[PDB]
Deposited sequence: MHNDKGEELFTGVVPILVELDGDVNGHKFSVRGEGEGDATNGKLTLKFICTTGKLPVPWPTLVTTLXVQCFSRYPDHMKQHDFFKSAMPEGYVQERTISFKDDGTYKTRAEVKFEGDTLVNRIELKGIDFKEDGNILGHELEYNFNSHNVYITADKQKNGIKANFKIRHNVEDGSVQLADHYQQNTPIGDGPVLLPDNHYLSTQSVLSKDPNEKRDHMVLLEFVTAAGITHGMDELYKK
C-alpha cells in the first residue's frame, strides 16, 4: 500500500508531538512541541517549550531538527514522496549539522505514528562549540530564511539522502552557515517510494507567545516539493 497509504494517512489535519533530548558541549536540555500539520496545504503550526529551563542554544539552530512527511507534494510528484510512504511505521532521520567556524550537531530522530499523532522523537549531541561563538553566545537573530532541501535516493539502500545549507542571520549583520547532511531510513520492512532528484522548498516564521513564561518558540512552517516536471504539460 506504500503507493497510497502514504497520502491517505495525511488527508486533513494531523496532530504532531515533538520530543527533543539535547546535549550540547555537556549542557543537557529537553524540548517538547505540539501542534498540527496539514500536508495537503503543506502547513505546520507548532509551539515548542524548553522543559529543562533556559535553552542553551538559540532556537533557530534547532528548527531543522524539530517532520518532512508534511510536505505538499504536487500530484505529478506523488510517487516521489518517500516520507509518507514509510508511514505509519515511520523512518529514522539522521543529520550532521556543521556550523561554519564552530561546532557540530549530530541528530537521530524517529518520525512515526503513535495512534493518530505524528511523532518526532529526537536525540541531539553537539560538540566543539565555541564558548563565545554565535551559538553558545546567543548571537543569532530570532528569525529564519527560506531554503531548498535537495533530496536524492540512496545508491543502494531503500532510503534517501539530503543536503542543504541553512543561513542563520547573525545579529551583527553577518551570516552563520549551518551545513546539513541528512539520511533517512524506513523503520519498517516493506517497500517504500524511492524518489528522483527533487527538493523541498521551505519557509518558516518564528514568533513568541506573549502569555508564555517558559523558554519557547512558536513556529509556522510551509513546505512543498518541487523540481520534477514530468507529467505537467496539461496544467499549462
Practice problem: Take the full deposited sequence, match it to the modelled residues, and report the stretches without C-alphas. | Solution: 67, 238 to 239
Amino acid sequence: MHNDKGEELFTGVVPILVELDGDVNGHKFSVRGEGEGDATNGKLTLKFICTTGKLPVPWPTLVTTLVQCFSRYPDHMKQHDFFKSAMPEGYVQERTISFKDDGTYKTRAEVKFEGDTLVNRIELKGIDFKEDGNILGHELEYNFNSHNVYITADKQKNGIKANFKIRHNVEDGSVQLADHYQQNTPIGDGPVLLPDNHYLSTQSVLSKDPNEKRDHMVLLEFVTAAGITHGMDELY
From here on, numbers count along this sequence of modelled residues.
Practice problem: Look over 174 to 182 and 207 to 215 in the entry and identify the one with the greater average Cα temperature factor. | Solution: 207 to 215
Quiz prompt | Mean C-alpha B-factor comparison - 192 to 200 and 30 to 38, higher one | solution = 30 to 38
Exercise. Quick one: which of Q93, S146, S71, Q156 shows the highest Cα temperature factor in the PDB entry?
Key: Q156
Quiz item: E89's Cα B-factor: lowest, middle or highest third of the chain?
Solution: middle
Quiz item: Which third of the chain does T152 land in by C-alpha B-factor: lowest, middle or highest?
Solution: lowest
Quiz item: Hey, what third does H138 fall into on Cα B-factor, ranked over its chain?
Solution: highest
Quiz item: Based on the entry's values, in what third of the chain does the Cα temperature factor of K100 lie: lowest, middle or highest?
Solution: middle
Quiz item: Relative to the other modelled residues in the chain, which third contains the C-alpha temperature factor of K161: lowest, middle or highest?
Solution: lowest
